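Student: So here's upload_26.pdb, just PDB, C-alpha atoms:
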ATOM      1  CA  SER V  22      78.706  99.362 155.557  1.00  0.00           C
ATOM      2  CA  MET V  23      79.538 100.011 151.939  1.00  0.00           C
ATOM      3  CA  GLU V  24      82.349 102.399 153.132  1.00  0.00           C
ATOM      4  CA  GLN V  25      83.973  99.451 155.069  1.00  0.00           C
ATOM      5  CA  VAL V  26      83.781  97.283 151.926  1.00  0.00           C
ATOM      6  CA  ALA V  27      85.436 100.015 149.791  1.00  0.00           C
ATOM      7  CA  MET V  28      88.287 100.331 152.302  1.00  0.00           C
ATOM      8  CA  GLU V  29      88.673  96.522 152.227  1.00  0.00           C
ATOM      9  CA  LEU V  30      88.846  96.524 148.436  1.00  0.00           C
ATOM     10  CA  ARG V  31      91.621  99.208 148.619  1.00  0.00           C
ATOM     11  CA  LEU V  32      93.523  97.011 151.171  1.00  0.00           C
ATOM     12  CA  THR V  33      93.091  94.015 148.897  1.00  0.00           C
ATOM     13  CA  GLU V  34      94.392  95.862 145.909  1.00  0.00           C
ATOM     14  CA  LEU V  35      97.385  97.197 147.938  1.00  0.00           C
ATOM     15  CA  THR V  36      97.992  93.593 149.024  1.00  0.00           C
ATOM     16  CA  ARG V  37      98.076  92.575 145.332  1.00  0.00           C
ATOM     17  CA  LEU V  38     100.583  95.292 144.489  1.00  0.00           C
ATOM     18  CA  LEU V  39     102.799  94.427 147.593  1.00  0.00           C
ATOM     19  CA  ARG V  40     102.761  90.749 146.584  1.00  0.00           C
ATOM     20  CA  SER V  41     104.216  91.676 143.197  1.00  0.00           C
ATOM     21  CA  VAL V  42     106.755  94.024 144.935  1.00  0.00           C
ATOM     22  CA  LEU V  43     107.700  91.219 147.342  1.00  0.00           C
ATOM     23  CA  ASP V  44     108.267  88.770 144.454  1.00  0.00           C
ATOM     24  CA  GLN V  45     110.450  91.244 142.679  1.00  0.00           C
ATOM     25  CA  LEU V  46     112.581  91.998 145.802  1.00  0.00           C
ATOM     26  CA  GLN V  47     112.991  88.355 146.579  1.00  0.00           C
ATOM     27  CA  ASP V  48     114.301  87.746 143.054  1.00  0.00           C
ATOM     28  CA  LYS V  49     117.179  90.010 143.993  1.00  0.00           C
ATOM     29  CA  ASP V  50     118.173  87.379 146.579  1.00  0.00           C
ATOM     30  CA  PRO V  51     118.926  84.374 144.404  1.00  0.00           C
ATOM     31  CA  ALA V  52     121.107  82.769 147.095  1.00  0.00           C
ATOM     32  CA  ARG V  53     118.011  82.709 149.371  1.00  0.00           C
ATOM     33  CA  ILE V  54     120.000  84.250 152.254  1.00  0.00           C
ATOM     34  CA  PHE V  55     116.906  86.187 153.369  1.00  0.00           C
ATOM     35  CA  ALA V  56     114.209  83.620 152.583  1.00  0.00           C
ATOM     36  CA  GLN V  57     113.637  82.260 156.111  1.00  0.00           C
ATOM     37  CA  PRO V  58     114.065  83.402 159.744  1.00  0.00           C
ATOM     38  CA  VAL V  59     117.493  83.132 161.237  1.00  0.00           C
ATOM     39  CA  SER V  60     117.414  79.798 163.193  1.00  0.00           C
ATOM     40  CA  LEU V  61     117.796  80.208 166.980  1.00  0.00           C
ATOM     41  CA  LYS V  62     118.923  76.585 167.077  1.00  0.00           C
ATOM     42  CA  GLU V  63     121.856  77.473 164.757  1.00  0.00           C
ATOM     43  CA  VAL V  64     122.461  81.084 166.043  1.00  0.00           C
ATOM     44  CA  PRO V  65     121.486  80.753 169.720  1.00  0.00           C
ATOM     45  CA  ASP V  66     122.690  84.281 170.626  1.00  0.00           C
ATOM     46  CA  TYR V  67     120.769  85.980 167.771  1.00  0.00           C
ATOM     47  CA  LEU V  68     118.180  87.737 169.887  1.00  0.00           C
ATOM     48  CA  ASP V  69     120.891  89.280 172.111  1.00  0.00           C
ATOM     49  CA  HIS V  70     122.038  91.105 168.958  1.00  0.00           C
ATOM     50  CA  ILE V  71     118.912  91.628 166.910  1.00  0.00           C
ATOM     51  CA  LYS V  72     115.721  92.771 168.565  1.00  0.00           C
ATOM     52  CA  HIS V  73     113.268  92.539 165.665  1.00  0.00           C
ATOM     53  CA  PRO V  74     114.287  89.658 163.301  1.00  0.00           C
ATOM     54  CA  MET V  75     112.744  89.749 159.847  1.00  0.00           C
ATOM     55  CA  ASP V  76     112.814  87.570 156.698  1.00  0.00           C
ATOM     56  CA  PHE V  77     110.836  87.132 153.463  1.00  0.00           C
ATOM     57  CA  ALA V  78     108.667  84.226 154.716  1.00  0.00           C
ATOM     58  CA  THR V  79     107.580  86.197 157.756  1.00  0.00           C
ATOM     59  CA  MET V  80     106.720  89.201 155.461  1.00  0.00           C
ATOM     60  CA  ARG V  81     104.759  86.866 153.219  1.00  0.00           C
ATOM     61  CA  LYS V  82     102.643  85.572 156.210  1.00  0.00           C
ATOM     62  CA  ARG V  83     101.881  89.179 157.208  1.00  0.00           C
ATOM     63  CA  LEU V  84     101.053  90.058 153.584  1.00  0.00           C
ATOM     64  CA  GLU V  85      98.620  87.164 153.139  1.00  0.00           C
ATOM     65  CA  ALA V  86      96.772  88.152 156.333  1.00  0.00           C
ATOM     66  CA  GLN V  87      96.487  91.635 154.665  1.00  0.00           C
ATOM     67  CA  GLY V  88      98.597  92.877 157.523  1.00  0.00           C
ATOM     68  CA  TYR V  89     100.322  95.795 155.706  1.00  0.00           C
ATOM     69  CA  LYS V  90      98.008  98.886 155.764  1.00  0.00           C
ATOM     70  CA  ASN V  91     100.384 101.035 153.663  1.00  0.00           C
ATOM     71  CA  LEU V  92     103.650 100.814 151.720  1.00  0.00           C
ATOM     72  CA  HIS V  93     105.567 102.401 154.627  1.00  0.00           C
ATOM     73  CA  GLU V  94     104.822  99.362 156.880  1.00  0.00           C
ATOM     74  CA  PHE V  95     106.038  96.980 154.187  1.00  0.00           C
ATOM     75  CA  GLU V  96     109.201  98.994 153.603  1.00  0.00           C
ATOM     76  CA  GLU V  97     109.922  99.000 157.335  1.00  0.00           C
ATOM     77  CA  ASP V  98     109.965  95.200 157.350  1.00  0.00           C
ATOM     78  CA  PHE V  99     112.166  95.091 154.215  1.00  0.00           C
ATOM     79  CA  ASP V 100     114.627  97.494 155.817  1.00  0.00           C
ATOM     80  CA  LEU V 101     114.784  95.283 158.928  1.00  0.00           C
ATOM     81  CA  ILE V 102     115.879  92.318 156.750  1.00  0.00           C
ATOM     82  CA  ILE V 103     118.782  94.408 155.354  1.00  0.00           C
ATOM     83  CA  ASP V 104     119.650  96.346 158.457  1.00  0.00           C
ATOM     84  CA  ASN V 105     119.666  93.312 160.794  1.00  0.00           C
ATOM     85  CA  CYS V 106     122.030  91.469 158.458  1.00  0.00           C
ATOM     86  CA  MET V 107     124.377  94.457 158.167  1.00  0.00           C
ATOM     87  CA  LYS V 108     124.661  94.676 161.960  1.00  0.00           C
ATOM     88  CA  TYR V 109     125.084  90.967 162.789  1.00  0.00           C
ATOM     89  CA  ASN V 110     127.475  90.196 159.961  1.00  0.00           C
ATOM     90  CA  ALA V 111     130.819  91.831 159.216  1.00  0.00           C
ATOM     91  CA  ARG V 112     131.529  93.824 156.082  1.00  0.00           C
ATOM     92  CA  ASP V 113     133.765  91.071 154.580  1.00  0.00           C
ATOM     93  CA  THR V 114     131.014  88.373 154.624  1.00  0.00           C
ATOM     94  CA  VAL V 115     128.820  86.929 151.944  1.00  0.00           C
ATOM     95  CA  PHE V 116     125.812  87.769 154.157  1.00  0.00           C
ATOM     96  CA  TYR V 117     126.543  91.457 154.519  1.00  0.00           C
ATOM     97  CA  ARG V 118     127.441  91.768 150.869  1.00  0.00           C
ATOM     98  CA  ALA V 119     124.171  90.067 149.878  1.00  0.00           C
ATOM     99  CA  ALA V 120     122.263  92.647 151.968  1.00  0.00           C
ATOM    100  CA  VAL V 121     124.015  95.539 150.304  1.00  0.00           C
ATOM    101  CA  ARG V 122     123.122  94.145 146.843  1.00  0.00           C
ATOM    102  CA  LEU V 123     119.496  93.543 147.898  1.00  0.00           C
ATOM    103  CA  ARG V 124     119.183  97.059 149.240  1.00  0.00           C
ATOM    104  CA  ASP V 125     120.640  98.619 146.087  1.00  0.00           C
ATOM    105  CA  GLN V 126     118.554  96.568 143.735  1.00  0.00           C
ATOM    106  CA  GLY V 127     115.409  96.750 145.851  1.00  0.00           C
ATOM    107  CA  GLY V 128     115.644 100.573 145.826  1.00  0.00           C
ATOM    108  CA  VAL V 129     114.712 100.627 142.124  1.00  0.00           C
ATOM    109  CA  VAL V 130     111.623  98.501 142.740  1.00  0.00           C
ATOM    110  CA  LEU V 131     110.454 100.477 145.760  1.00  0.00           C
ATOM    111  CA  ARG V 132     110.873 103.764 143.959  1.00  0.00           C
ATOM    112  CA  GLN V 133     108.260 102.765 141.332  1.00  0.00           C
ATOM    113  CA  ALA V 134     106.040 100.979 143.887  1.00  0.00           C
ATOM    114  CA  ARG V 135     105.710 104.323 145.731  1.00  0.00           C
ATOM    115  CA  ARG V 136     104.681 106.131 142.558  1.00  0.00           C
ATOM    116  CA  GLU V 137     102.082 103.289 141.814  1.00  0.00           C
ATOM    117  CA  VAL V 138     100.657 103.406 145.335  1.00  0.00           C
ATOM    118  CA  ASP V 139     100.292 107.243 145.178  1.00  0.00           C
ATOM    119  CA  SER V 140      99.095 107.157 141.502  1.00  0.00           C
ATOM    120  CA  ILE V 141      96.352 104.440 141.892  1.00  0.00           C
ATOM    121  CA  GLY V 142      95.715 105.716 145.484  1.00  0.00           C
TER     122      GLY V 142
END
Take the structure I supplied and represent it as structure tokens, if you would.

Tutor:
Amino acid sequence: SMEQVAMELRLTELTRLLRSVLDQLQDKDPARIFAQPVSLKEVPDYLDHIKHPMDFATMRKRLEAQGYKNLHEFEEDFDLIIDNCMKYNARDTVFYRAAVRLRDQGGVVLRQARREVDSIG
């Protein structure tokens, strides 16, 4: 149907906008602390602590499969990256501190992404 095509075009355009959002959030992580999944070889207990691991490469796979239907879904995954790190790592660590800085900086980006998603529809 033409209606199905129109919905697919909307999803594609959202995907474009989330790609640009993702690039901008990842730039706020120049150390690349959040770039890849935590290694279970190197942190064998990780899944005892963290139930839903998340990282930028995993978000990028989901994104390229057009797997985010709305901005809320994408934000959930971004929040997991931050929130997982802030639980596993102590306040005095470079990891936790990097998460705090990503959250704070990412906030700015997400604020305008929400307006753009609403605005363009």

Student: Please evaluate the PyMOL selection byres ((chain V and resi 42) around 12) against the structure above and give the resulting residues as a PyMOL selection string.

Tutor: chain V and resi 35-41+43-49+77+80-81+84+92+95-96+99+127-135+137-138

Student: Rounded to one decimal, what separation in Å do you get between CA of residue 88 (chain V) and CA of residue 110 (chain V)?

Tutor: 29.1 Å

Student: Smallest atom-to-atom distance to residue 57 (chain V): which of V:85, V:34, V:76, V:104, using all atoms listed in the file?

Tutor: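 Among the listed residues, V:76 lies closest to residue 57 (chain V).
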
Student: Got a sec to resolve the PyMOL selection byres ((chain V and resi 71) around 10) on this structure and send the residues as a list in words?

Tutor: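 Here the PyMOL selection byres ((chain V and resi 71) around 10) matches residues 66, 67, 68, 69, 70, 72, 73, 74, 75, 101, 104, 105, 106, 108 and 109 of chain V.
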
Student: So, with all atoms listed in the file as the atoms that count, which of V:23, V:52, V:30, V:59 lies closest to residue 119 (chain V)?

Tutor: V:52

Student: State, in Å with one decimal place, the distance from CA of residue 33 (chain V) to CA of residue 93 (chain V).

Tutor: 16.1 Å
